[PDB]
Every structure is written in C-alpha cells, then in structure tokens.
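These are the residues of each chain, in order.
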Amino acid sequence: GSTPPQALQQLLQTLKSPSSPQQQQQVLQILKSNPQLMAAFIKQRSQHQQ
C-alpha cells in the first residue's frame, strides 16, 4: 500500500549499516544534516517501533 514518511528520514540504510570504520566514514557525512537530532538519530537505530 502506502509507505511511511518517517521511514525516509529514518535512513534504514545507514541504521542497517555495520559498525565498521569504513561505513562510519560515509555515515559521518549525515551528521551535516543532523545537528541537534544527532542524539535522536541513535534512538531510531536502537528502537524503531511504530
């Protein structure tokens, strides 16, 4: 049916990425658009229930 809007900003791709240092270098860029939410971004990775 229809897809959730939160799924977008959720960035399942990054959240579903390995803790490896390689992927970390890429995701690091995301921070550019994650100032204050920098902390809220972790909450979604630890718990993404709807």
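This write-up is about the structure you can find in this document.

### A short note on the environment of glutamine 6
Mapped onto the secondary structure, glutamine 6 falls in helix 1 (residues 6-10). C-alpha of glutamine 6 to C-alpha of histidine 48: the two residues are 42 residues apart in sequence and 10.0 Å apart in space.

### Description of the environment of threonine 14
Relative to the assigned elements, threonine 14 resides in helix 2 (residues 12-15). For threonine 14, a relative accessible area of 21% puts it in the partly exposed group. Setting aside residues up to four positions removed in sequence, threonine 14 forms contacts with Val27, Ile30 and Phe41. At 3.0 Å, the side chain of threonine 14 forms a polar contact with the backbone oxygen of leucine 11.

About the criteria used
- Residues numbered from 1 in each chain as written, not as in the entry; some residues may be left out.
- Heavy atoms only, no water.
- Helix = DSSP H or I, 4+ residues; strand = E, 2+ residues; numbered from the N terminus.
- Buried < 20%, exposed > 50% of the residue type's maximum accessible area, 1.4 Å probe, protein only.
- Contact = heavy atoms within 4.5 Å.
- Polar contact = N/O pair within 3.5 Å; in protein donor to acceptor, adjacent residues only side chain to side chain.

Shape is all these values report; function is a separate question.
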